[PDB]
Amino acid sequence: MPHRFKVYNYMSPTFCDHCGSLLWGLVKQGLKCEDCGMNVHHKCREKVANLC
Ligand SMILES: CCCCCCC(=O)OC[C@H](COP(=O)(O)OCC[N+](C)(C)C)OC(=O)CCCCCC
Ligand SMILES: CCCCCCC(=O)OC[C@H](COP(=O)(O)OCC[N+](C)(C)C)OC(=O)CCCCCC
Ligand SMILES: CCCCCCC(=O)OC[C@H](COP(=O)(O)OCC[N+](C)(C)C)OC(=O)CCCCCC
Ligand SMILES: [Zn+2]
Ligand SMILES: [Zn+2]
């Protein structure tokens, strides 16, 4: 099933579940899936399989 990613403000350092690199920045550092909690870079979103 597709994910439902929504922009998220990460309060502690957090790494992208797709590529492994840090979700760097002060705010809105990436996207969190509302249904499974996966965290991704904005630009990793299209690389993620529809396996929510
Ligand atoms: C030496 C690190 C160089 C890269 C800088 C990345 C960074 O600063 O944020 C990654 C936070 C920072 O850890 P913190 O210093 O904020 O404390 C959390 C550590 N622990 C989870 C064990 C309680 O670390 C983690 O939570 C887990 C990943 C640690 C290895 C990543 C290189
Ligand atoms: C905090 C100390 C740890 C240093 C960071 C370690 C690290 O993970 O570096 C790698 C990620 C790369 O993330 P990027 O935001 O460049 O994009 C990765 C996703 N995609 C390639 C698909 C677009 O890039 C960064 O995070 C570095 C900061 C980039 C700009 C800061 C002025
Ligand atoms: C004096 C103003 C400094 C200029 C920096 C721009 C800024 O205000 O912060 C913006 C970024 C978002 O990243 P940026 O908009 O700087 O670049 C995009 C990075 N990526 C395409 C990989 C997502 O949002 C953040 O939270 C990071 C804080 C700044 C780090 C970037 C150098
Ligand atoms: Zn999901
Ligand atoms: Zn990523």
Side-chain angles (χ1 to χ4, degrees):
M1 285 309 266
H3 297 283
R4 297 196 301 118
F5 281 114
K6 177 173 73 73
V7 178
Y8 197 77
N9 283 325
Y10 293 90
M11 294 324 288
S12 43
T14 306
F15 295 82
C16 175
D17 293 329
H18 176 76
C19 74
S21 290
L22 177 73
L23 302 178
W24 62 276
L26 302 177
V27 292
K28 316 279 181 213
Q29 301 96 323
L31 312 174
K32 179 190 287 302
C33 176
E34 301 200 65
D35 299 319
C36 76
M38 196 186 278
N39 303 299
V40 300
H41 292 110
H42 287 76
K43 289 183 199 163
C44 285
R45 179 209 289 111
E46 285 92 17
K47 309 183 208 283
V48 179
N50 292 300
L51 276 300
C52 190

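Only heavy atoms go into these numbers, but all of them, side chains included; no hydrogens, no water, no symmetry mates. Nothing fancy with the numbering, it's 1 onward along the sequence. Start at 1 and go down the list; that is how both ligands and their atoms are numbered.
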Protein heavy-atom contact under 4.0 Å for atom 17 (O) of ligand 2? no
At their closest point, which heavy atom of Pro2 faces which heavy atom of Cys52, and how far apart are they? O-CB, 3.3 Å
Atom 14 (P) of ligand 1: closest protein heavy atom, distance to 0.1 Å, is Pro13 CG, 4.7 Å
Identify, by name, the N, O or S atom of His3 lying closest to the Zn ion (ligand 4). ND1
Is the CZ atom of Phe5 crowded by more than 12 outside heavy atoms at less than 6.0 Å? yes
For atom 29 (C) of ligand 1, decide whether some protein heavy-atom distance is shorter than 4.0 Å. no
Kindly give the heavy-atom pair with the smallest separation between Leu22 and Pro13, and that separation in Å. CD1-CB, 4.1 Å
Does some non-hydrogen atom of the protein lie less than 4.0 angstrom from atom 2 (C) of ligand 2? no
Check the pair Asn50, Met1 against side chain to side chain contact (heavy atoms under 4.5 Å, CB included), reporting the backbone distance first and the verdict last. CA-CA 5 Å; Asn50 292 300; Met1 285 309 266; over 6 Å; no
For the CE atom of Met11 and the CD atom of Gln29, what is their distance to the nearest 0.5 Å? 8.5 Å
Name the residue from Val48, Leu51, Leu31 that meets the side chain to side chain contact (heavy atoms under 4.5 Å, CB included) definition with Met38. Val48
for atom 26 (O) of ligand 2, nearest protein heavy atom and its distance come out as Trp24 CD1, 3.1 Å
Could you give the distance from CZ (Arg4) to CD (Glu34), rounded to the nearest 0.5 Å? 4.5 Å
Sub-4.0 Å protein heavy atom next to atom 6 (C) of ligand 2: no
Find all atoms of ligand 2 within a distance of less than 4.0 Å from any non-hydrogen atom belonging to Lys47, and give their numbers and elements. 22 (C)
Measure the distance from atom 32 (C) of ligand 1 to every protein heavy atom, then report the residue, atom name and distance (to 0.1 Å) of the closest one. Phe15 CZ, 4.8 Å
Measure from atom 20 (N) of ligand 1 to the protein's non-hydrogen atoms and state whether any distance is below 4.0 Å. no
Heavy-atom closest pair, residues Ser21 and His41: O-CE1, 3.5 Å
Quick check on atom 11 (C) of ligand 1 - does any protein heavy atom sit closer than 4.0 Å to it? yes
Step by step, work out the side chain to side chain contact (heavy atoms under 4.5 Å, CB included) result for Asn39 and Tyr10. CA-CA 10 Å; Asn39 303 299; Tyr10 293 90; 2.7 Å; yes
For atom 8 (O) of ligand 2, the closest protein heavy atom turns out to be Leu22 N, 3.1 Å
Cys44 neighbourhood, listing ligand 2 atoms whose heavy-atom distance to it stays under 4.0 Å: 19 (C), 22 (C)
Heavy-atom protein neighbour under 4.0 angstrom from atom 23 (C) of ligand 1: no
About how large, to 10 degrees, is the angle SG of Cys52, then the Zn ion (ligand 4), then SG of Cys33? 110°
Heavy-atom pair with the smallest gap, counting every atom of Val7 and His42: CG2-NE2, 3.6 Å
